[PDB]
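Colleague: Would you mind keeping the following structure in view while I ask a few things?
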Amino acid sequence: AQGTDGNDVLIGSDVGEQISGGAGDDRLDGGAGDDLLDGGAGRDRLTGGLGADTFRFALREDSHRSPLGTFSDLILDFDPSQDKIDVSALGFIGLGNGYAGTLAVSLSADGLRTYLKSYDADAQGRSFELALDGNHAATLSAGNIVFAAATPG
Ligand SMILES: [Ca+2]
Ligand SMILES: [Ca+2]
Ligand SMILES: [Ca+2]
Ligand SMILES: [Ca+2]
Ligand SMILES: [Ca+2]
Ligand SMILES: [Ca+2]
């Protein structure tokens with residue numbers, strides 16, 4: 001149960017579960033039930049399935065990009081009416097610009113993919129960025145992110 005260091009392919013059952021991938025490149029699948037999914041070090045692909053699911057960092061380096069390669073995580077499909085994403089351990093100095101440690105959101109030309117970018121360079125020049133593939137951008141809501149409370153204006 002759960003993953004270990006190295007690459008893993010993990011598939012969850014119908015009941016609610018807590019699943020961590022550990023280090024390495026992992027795929028996590030949650031299935032039905034409300035699930036907790038920890039990506040761990042390395043780039044990961046997280047699939048929540050039915051139920052309210054929370055996707056979390058386990059390390060401060062859990063999702064970053066560099067010229068040495070991308071180590072960011074991707075969440076698949078995503079239910080914006082129910083699911084939660086926590087990014088607090090990476091840290092961001094702002095939520096509305098997209099450069100120098102401030103977040104912004106971007107979309108693919110067909111809206112089928114969504115990206116969270118920051119171009120962080122606080123000291124190490126390592127940008128902390130995430131992506132969502134297959135995302136229901138058509139029904140996305142600000143409630144999904146840890147900061148929440150983003151009223152329109
Ligand atoms: Ca692993
Ligand atoms: Ca499950
Ligand atoms: Ca991992
Ligand atoms: Ca689930
Ligand atoms: Ca879900
Ligand atoms: Ca990760």
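Residue names in the structure tokens use chain letters A, B, ... in the order shown, residue numbers from 1 in each chain, and ligand numbers from 1 in the order shown.
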Write out as a tab-separated table a residue-level contact list of chain A versus ligand 4 with cut-off 9 Å: for each qualifying residue the closest pair of atoms and the distance in Å to one decimal, counting only C-alpha atoms and all ligand atoms, rows sorted by chain and residue number upward.
Modeller:
residue	atom	partner	partner_atom_place_in_ligand_line	distance
A:12	CA	ligand 4	1 (Ca)	8.1
A:13	CA	ligand 4	1 (Ca)	8.8
A:14	CA	ligand 4	1 (Ca)	7.7
A:15	CA	ligand 4	1 (Ca)	8.2
A:16	CA	ligand 4	1 (Ca)	6.9
A:17	CA	ligand 4	1 (Ca)	8.2
A:29	CA	ligand 4	1 (Ca)	8.1
A:30	CA	ligand 4	1 (Ca)	4.7
A:31	CA	ligand 4	1 (Ca)	4.8
A:32	CA	ligand 4	1 (Ca)	4.4
A:33	CA	ligand 4	1 (Ca)	4.6
A:34	CA	ligand 4	1 (Ca)	4.6
A:35	CA	ligand 4	1 (Ca)	4.8
A:36	CA	ligand 4	1 (Ca)	8.1
A:47	CA	ligand 4	1 (Ca)	8.0
A:48	CA	ligand 4	1 (Ca)	4.6
A:49	CA	ligand 4	1 (Ca)	4.4
A:50	CA	ligand 4	1 (Ca)	4.6
A:51	CA	ligand 4	1 (Ca)	4.6
A:52	CA	ligand 4	1 (Ca)	6.1
A:53	CA	ligand 4	1 (Ca)	5.4
A:54	CA	ligand 4	1 (Ca)	8.7
A:83	CA	ligand 4	1 (Ca)	9.0
Colleague: Save out the residues we just selected, N, CA and C atoms, as an mmCIF file, in the first residue's frame.
Modeller:
data_model
loop_
_atom_site.group_PDB
_atom_site.id
_atom_site.type_symbol
_atom_site.label_atom_id
_atom_site.label_comp_id
_atom_site.auth_asym_id
_atom_site.auth_seq_id
_atom_site.Cartn_x
_atom_site.Cartn_y
_atom_site.Cartn_z
ATOM 1 N N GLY A 12 -6.167 3.261 -6.366
ATOM 2 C CA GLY A 12 -6.992 3.194 -5.174
ATOM 3 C C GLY A 12 -8.303 2.469 -5.409
ATOM 4 N N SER A 13 -8.865 1.957 -4.331
ATOM 5 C CA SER A 13 -10.133 1.232 -4.342
ATOM 6 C C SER A 13 -11.309 2.191 -4.130
ATOM 7 N N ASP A 14 -12.516 1.646 -4.102
ATOM 8 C CA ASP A 14 -13.738 2.443 -3.956
ATOM 9 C C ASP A 14 -13.875 3.203 -2.634
ATOM 10 N N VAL A 15 -13.250 2.712 -1.575
ATOM 11 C CA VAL A 15 -13.358 3.364 -0.267
ATOM 12 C C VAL A 15 -12.423 4.575 -0.214
ATOM 13 N N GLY A 16 -12.605 5.432 0.779
ATOM 14 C CA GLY A 16 -11.718 6.571 0.946
ATOM 15 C C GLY A 16 -10.360 6.102 1.431
ATOM 16 N N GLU A 17 -9.293 6.681 0.901
ATOM 17 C CA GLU A 17 -7.933 6.222 1.180
ATOM 18 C C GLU A 17 -6.966 7.393 1.304
ATOM 19 N N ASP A 29 -3.846 6.956 -8.546
ATOM 20 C CA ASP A 29 -5.243 6.903 -8.955
ATOM 21 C C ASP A 29 -6.041 6.714 -7.681
ATOM 22 N N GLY A 30 -7.124 7.453 -7.523
ATOM 23 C CA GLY A 30 -7.894 7.408 -6.288
ATOM 24 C C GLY A 30 -9.180 6.608 -6.371
ATOM 25 N N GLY A 31 -9.794 6.568 -7.541
ATOM 26 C CA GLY A 31 -11.074 5.878 -7.680
ATOM 27 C C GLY A 31 -12.178 6.584 -6.912
ATOM 28 N N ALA A 32 -13.209 5.841 -6.531
ATOM 29 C CA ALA A 32 -14.319 6.404 -5.764
ATOM 30 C C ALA A 32 -13.872 6.681 -4.319
ATOM 31 N N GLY A 33 -14.765 7.285 -3.549
ATOM 32 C CA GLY A 33 -14.461 7.634 -2.174
ATOM 33 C C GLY A 33 -13.671 8.921 -2.102
ATOM 34 N N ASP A 34 -13.662 9.540 -0.938
ATOM 35 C CA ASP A 34 -12.932 10.787 -0.743
ATOM 36 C C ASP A 34 -11.489 10.394 -0.431
ATOM 37 N N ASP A 35 -10.532 10.894 -1.202
ATOM 38 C CA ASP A 35 -9.144 10.429 -1.086
ATOM 39 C C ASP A 35 -8.154 11.554 -0.821
ATOM 40 N N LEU A 36 -7.065 11.209 -0.148
ATOM 41 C CA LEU A 36 -5.968 12.136 0.110
ATOM 42 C C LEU A 36 -4.776 11.647 -0.702
ATOM 43 N N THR A 47 -4.702 11.345 -10.118
ATOM 44 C CA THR A 47 -6.073 11.204 -10.615
ATOM 45 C C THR A 47 -6.997 10.997 -9.421
ATOM 46 N N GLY A 48 -7.901 11.934 -9.172
ATOM 47 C CA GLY A 48 -8.748 11.844 -7.983
ATOM 48 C C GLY A 48 -9.938 10.911 -8.103
ATOM 49 N N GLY A 49 -10.600 10.930 -9.253
ATOM 50 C CA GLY A 49 -11.808 10.136 -9.431
ATOM 51 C C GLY A 49 -12.993 10.751 -8.698
ATOM 52 N N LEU A 50 -14.073 9.993 -8.557
ATOM 53 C CA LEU A 50 -15.278 10.455 -7.863
ATOM 54 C C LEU A 50 -14.988 10.764 -6.398
ATOM 55 N N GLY A 51 -15.832 11.591 -5.796
ATOM 56 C CA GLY A 51 -15.653 11.991 -4.410
ATOM 57 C C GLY A 51 -14.828 13.264 -4.320
ATOM 58 N N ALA A 52 -14.787 13.864 -3.139
ATOM 59 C CA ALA A 52 -13.994 15.061 -2.894
ATOM 60 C C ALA A 52 -12.580 14.575 -2.595
ATOM 61 N N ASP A 53 -11.607 15.073 -3.326
ATOM 62 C CA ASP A 53 -10.238 14.603 -3.178
ATOM 63 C C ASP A 53 -9.334 15.775 -2.888
ATOM 64 N N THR A 54 -8.296 15.556 -2.106
ATOM 65 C CA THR A 54 -7.335 16.607 -1.818
ATOM 66 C C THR A 54 -5.970 16.155 -2.311
ATOM 67 N N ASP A 83 -12.975 19.112 -5.331
ATOM 68 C CA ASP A 83 -11.576 18.791 -5.016
ATOM 69 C C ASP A 83 -10.761 19.996 -4.513
#
Colleague: From a DSSP calculation on the backbone, collect every residue of chain A in helix (DSSP H, G or I) and output the set as a list in words.
Modeller: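 Answer for chain A, restricted to helix (DSSP H, G or I): residues 137, 138, 139, 142, 143 and 144 of chain A.
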Colleague: For the selection just defined, write its residues with N, CA, C and O atoms to a file, as a short mmCIF file (atom, residue, chain, number, x, y, z; two decimals), in the first residue's frame.
Modeller:
data_model
loop_
_atom_site.label_atom_id
_atom_site.label_comp_id
_atom_site.auth_asym_id
_atom_site.auth_seq_id
_atom_site.Cartn_x
_atom_site.Cartn_y
_atom_site.Cartn_z
N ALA A 137 -11.93 23.40 -16.85
CA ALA A 137 -11.73 24.84 -16.79
C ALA A 137 -13.07 25.56 -16.98
O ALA A 137 -13.28 26.65 -16.46
N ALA A 138 -13.98 24.91 -17.69
CA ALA A 138 -15.32 25.44 -17.93
C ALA A 138 -16.09 25.65 -16.62
O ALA A 138 -16.99 26.48 -16.56
N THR A 139 -15.75 24.89 -15.58
CA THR A 139 -16.44 25.00 -14.29
C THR A 139 -15.46 25.27 -13.13
O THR A 139 -15.79 25.02 -11.97
N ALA A 142 -12.39 29.34 -7.61
CA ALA A 142 -11.26 29.71 -6.76
C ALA A 142 -11.23 28.95 -5.42
O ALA A 142 -10.26 29.02 -4.68
N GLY A 143 -12.29 28.21 -5.13
CA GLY A 143 -12.36 27.45 -3.88
C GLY A 143 -11.36 26.31 -3.83
O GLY A 143 -10.99 25.83 -2.76
N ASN A 144 -10.92 25.85 -5.00
CA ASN A 144 -10.01 24.71 -5.10
C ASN A 144 -8.62 24.95 -4.52
O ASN A 144 -7.96 24.01 -4.11
#
Colleague: Any idea what the distance is between atom 1 (Ca, counted along the ligand's line) of ligand 3 and atom CA of residue 149 of chain A?
Modeller: 29.5 Å
Colleague: Using only C-alpha atoms and all ligand atoms, which residues have at least one atom no more than 7 Å from ligand 1? Output them as a ChimeraX atom specification.
Modeller: /A:3-8,21-26
Colleague: Could you give me, as JSON lines, a per-residue list for chain A showing, wherever an atom lies at most 7 Å from an atom of ligand 6, the closest pair of atoms and their distance in Å to one decimal, using only C-alpha atoms and all ligand atoms and sorting by chain then residue number from low to high?
Modeller:
{"residue": "A:39", "atom": "CA", "partner": "ligand 6", "partner_atom_place_in_ligand_line": "1 (Ca)", "distance": 4.3}
{"residue": "A:40", "atom": "CA", "partner": "ligand 6", "partner_atom_place_in_ligand_line": "1 (Ca)", "distance": 4.6}
{"residue": "A:41", "atom": "CA", "partner": "ligand 6", "partner_atom_place_in_ligand_line": "1 (Ca)", "distance": 4.7}
{"residue": "A:42", "atom": "CA", "partner": "ligand 6", "partner_atom_place_in_ligand_line": "1 (Ca)", "distance": 4.8}
{"residue": "A:43", "atom": "CA", "partner": "ligand 6", "partner_atom_place_in_ligand_line": "1 (Ca)", "distance": 4.5}
{"residue": "A:44", "atom": "CA", "partner": "ligand 6", "partner_atom_place_in_ligand_line": "1 (Ca)", "distance": 5.0}
{"residue": "A:57", "atom": "CA", "partner": "ligand 6", "partner_atom_place_in_ligand_line": "1 (Ca)", "distance": 6.9}
{"residue": "A:62", "atom": "CA", "partner": "ligand 6", "partner_atom_place_in_ligand_line": "1 (Ca)", "distance": 4.1}
{"residue": "A:63", "atom": "CA", "partner": "ligand 6", "partner_atom_place_in_ligand_line": "1 (Ca)", "distance": 5.0}
{"residue": "A:71", "atom": "CA", "partner": "ligand 6", "partner_atom_place_in_ligand_line": "1 (Ca)", "distance": 6.8}
{"residue": "A:72", "atom": "CA", "partner": "ligand 6", "partner_atom_place_in_ligand_line": "1 (Ca)", "distance": 6.1}
{"residue": "A:73", "atom": "CA", "partner": "ligand 6", "partner_atom_place_in_ligand_line": "1 (Ca)", "distance": 5.1}
Colleague: Can you write out the residues you just picked, keeping C-alpha atoms, as a short mmCIF file (atom, residue, chain, number, x, y, z; two decimals), in the first residue's frame?
Modeller:
data_model
loop_
_atom_site.label_atom_id
_atom_site.label_comp_id
_atom_site.auth_asym_id
_atom_site.auth_seq_id
_atom_site.Cartn_x
_atom_site.Cartn_y
_atom_site.Cartn_z
CA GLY A 39 2.75 13.32 -4.70
CA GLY A 40 6.13 13.24 -2.97
CA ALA A 41 9.47 14.14 -4.57
CA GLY A 42 9.74 13.80 -8.36
CA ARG A 43 7.11 14.67 -11.00
CA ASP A 44 3.77 12.92 -10.53
CA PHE A 57 2.61 18.50 -1.35
CA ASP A 62 7.38 18.51 -4.52
CA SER A 63 6.61 20.49 -7.68
CA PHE A 71 9.73 18.06 -11.70
CA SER A 72 6.26 19.58 -11.44
CA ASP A 73 3.12 17.57 -10.80
#
Colleague: Tell me which of A:10, A:128, A:94, A:99 sits closest to ligand 3, counting only C-alpha atoms and all ligand atoms.
Modeller: A:10
Colleague: Quick check for you: according to DSSP on this backbone, which residues of segment 47-131 of chain A are classed as strand (DSSP E)? Reply as JSON, numbers by chain.
Modeller: {"A": [47, 54, 55, 56, 65, 66, 69, 70, 74, 75, 76, 84, 85, 104, 105, 106, 107, 113, 114, 115, 116, 117, 130, 131]}
Colleague: Give me the residues near residue 93 of chain A as a VMD selection string, where near means some atom within 9 Å (using only C-alpha atoms) and where sequence neighbours in that chain fewer than 5 positions away do not count.
Modeller: chain A and resid 100 to 103
Colleague: Please produce an output containing N, CA and C atoms for each residue in the selection, written as an mmCIF file, in the first residue's frame.
Modeller:
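Result file is result.cif:
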data_model
loop_
_atom_site.group_PDB
_atom_site.id
_atom_site.type_symbol
_atom_site.label_atom_id
_atom_site.label_comp_id
_atom_site.auth_asym_id
_atom_site.auth_seq_id
_atom_site.Cartn_x
_atom_site.Cartn_y
_atom_site.Cartn_z
ATOM 1 N N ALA A 100 8.497 36.233 -10.856
ATOM 2 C CA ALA A 100 9.220 36.576 -9.625
ATOM 3 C C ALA A 100 8.514 36.086 -8.350
ATOM 4 N N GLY A 101 8.020 34.858 -8.378
ATOM 5 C CA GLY A 101 7.450 34.253 -7.185
ATOM 6 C C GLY A 101 5.983 34.562 -6.977
ATOM 7 N N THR A 102 5.372 35.268 -7.913
ATOM 8 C CA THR A 102 3.946 35.547 -7.838
ATOM 9 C C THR A 102 3.256 34.566 -8.763
ATOM 10 N N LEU A 103 2.101 34.056 -8.373
ATOM 11 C CA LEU A 103 1.375 33.104 -9.217
ATOM 12 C C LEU A 103 0.550 33.806 -10.281
#
Colleague: Of the candidates A:118, A:2, A:96, A:145, which shows the shortest atom-to-atom distance to residue 55 of chain A, using only C-alpha atoms?
Modeller: A:145
Colleague: Work out how far atom CA of residue 46 of chain A is from atom CA of residue 122 of chain A, in Å to one decimal.
Modeller: 27.6 Å
Colleague: Mind pulling up the distance from atom CA of residue 125 of chain A to atom CA of residue 78 of chain A?
Modeller: 29.6 Å
